[PDB]
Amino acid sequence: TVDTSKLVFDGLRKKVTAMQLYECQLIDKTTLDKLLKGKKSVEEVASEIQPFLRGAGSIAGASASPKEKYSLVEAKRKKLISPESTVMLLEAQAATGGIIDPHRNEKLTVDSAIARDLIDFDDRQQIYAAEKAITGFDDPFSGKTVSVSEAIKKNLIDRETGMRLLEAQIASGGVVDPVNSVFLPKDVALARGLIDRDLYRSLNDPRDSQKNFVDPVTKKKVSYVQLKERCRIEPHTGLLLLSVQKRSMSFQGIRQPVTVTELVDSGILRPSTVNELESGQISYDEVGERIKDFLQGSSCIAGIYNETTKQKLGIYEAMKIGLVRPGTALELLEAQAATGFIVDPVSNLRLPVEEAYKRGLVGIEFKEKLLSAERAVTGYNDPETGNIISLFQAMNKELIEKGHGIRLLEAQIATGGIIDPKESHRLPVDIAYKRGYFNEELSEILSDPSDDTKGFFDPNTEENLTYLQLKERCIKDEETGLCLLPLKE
């Protein structure tokens, strides 16, 4: 026989003897005798009853990215987890072992948790009560220290919180026995009345009190197991960290970055490919590759290719030579301004109107008219409402004339689609209808070349064309991706 005084185990808060483990039916008669003989070691037995001894493991915190992690209170302050769910998850920790410090891998008492700022100030008293799920509730009538189930019956704790604690414990192994400081399986806990039949029954009914927790992001009622199925296990510490989406990922639009959430709202990105990108399964550059013509549109008529001298040159520079009339040059430049940037085909630069003027890409005779056309990408100021509207809406409210407005619209459609002036990206023609940046009774008009729609000019054949008709007559520089209009003489 071995030293029976050394046959002790480490429970949640107390030491646990081998005899207590046998009484609590955690070990069998065979295991117990082998401990008293030496056939089995204390460490060998403890390795097989770990979820009953210290719990299977609760949600220790959050993890936005696979490397760096956050605690429940940190993720709340970074707005990754709602304040409401933050309390409930902290209640679960205190009821299944204690408040977890994920950055030091420890089980802390509520006192120690306050000392390390792991718990906020307002949620202080609520977690003290949840801690008693393991310590026990002092009944002022009987004089006994009772479990949560009895604390609910004795009205020592509200039913709501009590159901959360019981749910969290069961998902961690079973029902906690406070006096023994050890987890008991559900079947044996029912037999000795450690948990009431009625409470346990309402704990298995999805229409009663089965789900007592709430989602971190949304406000949907969820179970503790469902949240655990959404957790990552840290390789080093073995902790259970809830996978939260920090998001905040965007692609550069015309003037400003466009959130990935906006892209799925505009129908640019399928939701299946977004969180697949958030998880890191696919690459960032490949996603932005597909939606290239939605972020900042297709290439416009960027310049002119003089076939006589075999030279690439900007539109404004072509006018100085006499390759194009000032009338033709102006509408082509404002078409560029209405699509985002003024382009220099030889230097492959894409600049706003102001910066284009500073570098000689645009003269002073076109500066004002081009600044006005640039409002088609940033918005038109409505003199009545005081806020910015779109190109299409500015046309209907007679802020700009129809002829000028039509040529700018078809310029946007020919280079990706209608420009959203508040999100700074190209919309699908169906989304533009919903937000009112275009009209279905106008898409068919601009589709087929009509009398009113041919507001552009081809210097080669001297005929009036739509922007699409003229763009189809252009060629492409393989190293710039720009459309150049071939010219002779």
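Don't overthink the numbering: it's just position in the shown sequence, from 1.
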Could you settle it for me: does 69-77 or 370-378 have the higher average Cα B factor in the PDB entry?
-> 69-77
Going by the B-factors listed in the PDB entry, is the mean over the C-alpha atoms higher for 477-485 or for 16-24?
-> 477-485
Which of these has the highest Cα B-factor in the record: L89, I413, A115, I389?
-> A115
Deposited CA B-factor, highest of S58, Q50, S424, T461 = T461
Would you mind ranking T309 by its C-alpha B-factor against the rest of the chain and naming the third, lowest, middle or highest?
-> highest
Could you tell me which third, lowest, middle or highest, the C-alpha B-factor of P449 occupies within its chain?
-> highest
Going by what the PDB entry lists, where does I268 fall on CA B-factor within its chain: lowest, middle or highest third?
-> highest
When the modelled residues of the chain are sorted by Cα temperature factor, does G38 land in the lowest, middle or highest third?
-> highest
Cα B factor band for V175 (lowest, middle or highest third within the chain) = middle
